[PDB]
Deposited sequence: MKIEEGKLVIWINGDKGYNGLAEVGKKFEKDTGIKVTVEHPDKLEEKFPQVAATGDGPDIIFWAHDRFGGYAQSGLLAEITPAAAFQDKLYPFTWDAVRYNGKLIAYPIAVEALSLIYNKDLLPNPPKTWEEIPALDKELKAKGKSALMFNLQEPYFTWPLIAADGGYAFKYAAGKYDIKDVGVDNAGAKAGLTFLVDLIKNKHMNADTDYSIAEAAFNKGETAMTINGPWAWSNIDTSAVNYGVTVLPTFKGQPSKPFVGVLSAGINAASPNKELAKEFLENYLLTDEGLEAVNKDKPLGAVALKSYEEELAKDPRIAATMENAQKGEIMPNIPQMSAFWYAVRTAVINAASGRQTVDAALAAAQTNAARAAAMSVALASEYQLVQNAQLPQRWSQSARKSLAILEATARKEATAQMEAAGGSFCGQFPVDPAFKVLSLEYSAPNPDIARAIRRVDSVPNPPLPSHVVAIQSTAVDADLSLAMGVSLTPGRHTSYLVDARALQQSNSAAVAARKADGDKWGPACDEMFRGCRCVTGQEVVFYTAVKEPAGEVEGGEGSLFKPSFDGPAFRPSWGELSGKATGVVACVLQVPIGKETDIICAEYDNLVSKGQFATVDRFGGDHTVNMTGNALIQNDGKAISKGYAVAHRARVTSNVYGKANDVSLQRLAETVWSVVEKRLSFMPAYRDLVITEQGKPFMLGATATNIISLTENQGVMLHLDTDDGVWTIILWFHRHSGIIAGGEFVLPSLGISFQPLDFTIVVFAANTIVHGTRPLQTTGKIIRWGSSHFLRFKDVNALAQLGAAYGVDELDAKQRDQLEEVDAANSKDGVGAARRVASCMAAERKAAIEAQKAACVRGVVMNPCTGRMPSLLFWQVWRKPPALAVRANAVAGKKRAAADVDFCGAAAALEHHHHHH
């Protein structure tokens, strides 16, 4: 977020052009440009981006999400004068309080109303109790009294809550998540009346949003229940309609949930007073709100002065009436526990699968349990983010390791003297040069060997935010504190300022976008500034300066070591990237052999990534839910091979585990933090769906492919990429590029990079080849959605039962196809999918997890094992 400016995020279904006009008028009076954007997946995008201290200055969303944001410290406290607060209705301010603090400005107010056909029903009923008799009349006329969405409890809750239901008890400025109001007599009475309506055929238990909307807008039912978003559609129809107070139940008003569109201020915003002034003096005025409202209607409004104007529309007046008789929707993330439990209870009670009493008894206890576990997982997440490696660092160990490293440097120097230079395998390594193309030979059936630098330029210098560590003492400090043990005397360590790293990340994605999401001139310009580390073994540590926001979340209350280097004091270090050079031998034989076995046996699924950026082959423990009949680990070819093999059903599973474990073993010898990361993030329920004793569940494979610069947001904390070559020839380009670290390299005999793929922008330049040479690239990574879904399937059916279910589902689908054709087989699979989906959601509702994940971002931590350094 740039100082002296305002950027606003607001959903696409809003009046952003009108809002942009208010910005226009604001820029005119102040000189401060206001840019209005409507990103996709806005509800998810804001907490993900603001968690890194970036994103908009102002966010527009339903107030209920803003309590979760406040828990995460994403929002600035709002400080309106009492004179300003008087201009908005008092209950709208209650909607934007968290822990006694105002956290947003209310804008608009929405709630469900009763919508009725004036021609079928000139005087709509005041009571729910009237509706049975009224439906008898209209049934005689070939019509019905009432149709509304019965599938979503947002819609049925106003009746259920009328006589006493509630979500969480509110008291002393806080919701008590132990106190759920789902199982009291009021709730029971309301749901009973609802199910009696279905029991007496006045409503259909299958009625959903689309069925009700179509029936009301076609003149077939006299009433529906909907919000202001539905008025447009009714306005295109022939129906003469009104909007009024919801019916009472037992003389009490129906209690719809109230949603308040609100404007929050990013805690990481340099422009908080500019934001406050724009919101208080430009938007929250009649002129302001009208400009927005003319673009797309706001519905009811929080500003008393404009609401008095709008309320001349009786539909708006009714909205505010229903809203004032309703309950503000609780603004805490545990509402998800509430929603799932009540949705289940209403569906079961409407289908007779449970009595009303059993349905609500179980929703009550289930919602409370899920909300409690939700809290417990949030606190556990803080422990994993702040976890520390087993301590091997000390001042004595530092110094001894510094001696051994200094000895190894002399020995490597002497060995370089005796050989005439530095070599990685057979490849001559000279850091004075950048390796732009190079030759490989294939003298035998082993892997092709990198032999000769072909095209080069002088090697660009390191960027200024990246520093090679010269001191063996500092080398030993970081090695012992971070669980990195690179080849003695034959590696280079680097320190990278965390703030510049983040700026450079953003510049790299800016360049990729400007190029049209490809390697074009802007990405090339950055590549020309990257320093080649081809043939080197290196590690990059980032240093986060103690806040006296950010992408990185070190705990500066954790234990502190004394650095030999004074400049680390007041900072935390983490490992962002490491490049290894694996000596060809037994391990490389095993790995290459498994790739060959899996290719020959057709076990890779071929997919396209990033539109048509490149082609990628995948294997591993996927769960492809797009495949309706998938109910076990692996791609569809893997499911099939277990049944169709006439030798050994698990053969490809053995191959995959050896492949992941062998790559993992090679990496773990150098990076002892890797098994610590595995042990920390993989749950007991996730472990059977990893590949062996690793943090890998998915493995990719690419053949002479470039890849645009990007981040892998849905993967683990660290990712492993390797390359190996087949056949001889010359490759130009194809470098792996880490532009925010300012480095690139050509993979040689068997280069491996281990890096934080969710937070370091990276990519592979396109390549050109001469001869038959093939560069095979492969990522081993954690794709957490698959392990979560599989862990959930495991909890629902039993881990070992998945193969049996998978075999049965394959057989039942083949049978249908062979008997009744392709369309029948697709119908069997769709049925399987909905059965699978229901089971997964139930386990997901029970907080069953394969991996630990950030509750705020829905992703894995940006880094782990931060080490604080302090030198008094």
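Mapping the modelled residues onto the deposited sequence reveals missing stretches at 1-2, 551-557, 882-917.
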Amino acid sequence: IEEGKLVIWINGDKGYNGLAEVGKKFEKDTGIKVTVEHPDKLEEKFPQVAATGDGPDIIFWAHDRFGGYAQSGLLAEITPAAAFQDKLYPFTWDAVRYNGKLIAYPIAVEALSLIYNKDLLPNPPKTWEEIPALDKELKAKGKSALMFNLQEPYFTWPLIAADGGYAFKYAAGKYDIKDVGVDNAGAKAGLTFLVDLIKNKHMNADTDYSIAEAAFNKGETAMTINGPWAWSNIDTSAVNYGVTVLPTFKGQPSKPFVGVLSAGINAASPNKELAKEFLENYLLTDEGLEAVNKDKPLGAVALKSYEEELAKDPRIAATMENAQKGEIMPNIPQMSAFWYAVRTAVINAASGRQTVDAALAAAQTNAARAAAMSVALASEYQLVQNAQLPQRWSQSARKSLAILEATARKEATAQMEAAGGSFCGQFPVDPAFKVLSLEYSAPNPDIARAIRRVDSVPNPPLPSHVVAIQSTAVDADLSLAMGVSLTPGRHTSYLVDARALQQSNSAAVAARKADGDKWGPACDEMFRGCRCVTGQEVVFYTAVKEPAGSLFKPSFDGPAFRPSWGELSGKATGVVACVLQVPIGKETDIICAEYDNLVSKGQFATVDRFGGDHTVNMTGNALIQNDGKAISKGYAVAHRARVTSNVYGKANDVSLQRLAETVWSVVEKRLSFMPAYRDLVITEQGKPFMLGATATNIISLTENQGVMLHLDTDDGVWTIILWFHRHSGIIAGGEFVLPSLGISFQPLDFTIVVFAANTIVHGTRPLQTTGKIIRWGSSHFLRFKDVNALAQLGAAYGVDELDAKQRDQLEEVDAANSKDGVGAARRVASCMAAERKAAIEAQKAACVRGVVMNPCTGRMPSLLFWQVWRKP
From here on, numbers count along this sequence of modelled residues.
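Of the other entries compared for this protein that flank it with modelled residues, all give atoms for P39, so not even a third lack it. Among other compared entries that model residues flanking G68, every one gives it coordinates, keeping it clear of the one-third cutoff. Mean C-alpha B-factor is higher over 130-138 than over the other stretch, the pair under comparison being 130-138 and 453-461. When the two stretches 365-373 and 777-785 are set side by side, the higher mean Cα temperature factor goes to 365-373.
Between the residues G620, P747, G259, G612, it is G612 that shows the highest Cα B-factor in the PDB record. Looking at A804, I32, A833, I840, the one whose CA carries the top B-factor in the deposited record is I32. Ranked by C-alpha B-factor against the other modelled residues of its chain, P443 falls in the middle third. Per-chain ranking of the deposited C-alpha B factor places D627 in the middle third. Ranked by C-alpha B-factor against the other modelled residues of its chain, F84 falls in the highest third. Ranked against the other modelled residues of its chain, the C-alpha B-factor of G858 as given in the entry falls in the middle third. Ranked within its chain, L551 lands in the highest third, by CA B factor from the PDB record.
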